[PDB]
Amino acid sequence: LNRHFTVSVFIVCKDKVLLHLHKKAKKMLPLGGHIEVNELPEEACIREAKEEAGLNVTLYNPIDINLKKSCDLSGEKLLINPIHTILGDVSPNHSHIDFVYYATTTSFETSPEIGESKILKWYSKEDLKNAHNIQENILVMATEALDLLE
């Protein structure tokens, strides 16, 4: 019931996944940020991907057709579910729930919007244990994203 909800998106292009340097916190992280009030967590992923990397993405969304159709009838809508749900304590510096999504994009080219982190890098499954500025759980999810989206 409070602004303690954020989203994270691991974007895969062919055989690599994208991360960006948070800044004011020298560490590589997936794109993401707060969810606007009256905004769906999935729409937040889409906008953050556009704002932080100028990318159009395709969220991984395995549809449960039975529930999707029954929901529509009932006047409701089955949304894309997060892959994982994590409790964060920093960046933002207040306790928050982070809904993690995996997605794909067409090109490695990126163009962050004003004031966003300008250091974006693509990583191969090999460039895993090689970095020294990527938290372990981020290394794991980036790898899962790659294993899932090739």
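Each residue number is its position in the shown sequence, starting from 1.
The mean C-alpha temperature factor is higher for 129-137 when 129-137 and 13-21 are set side by side. When the C-alpha B-factors of 90-98 and 23-31 are averaged, 23-31 comes out higher. Within the group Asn38, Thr110, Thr58, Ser117, the record's highest C-alpha temperature factor is found at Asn38. Residue-level temperature factors show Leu73 in the highest third of its chain, judged at the C-alpha atom.
Per the deposited record, the Cα B-factor of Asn2 falls in the highest third when ranked against the other modelled residues of its chain. In the deposited entry, the Cα temperature factor of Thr85 places it in the lowest third of its chain's modelled residues.
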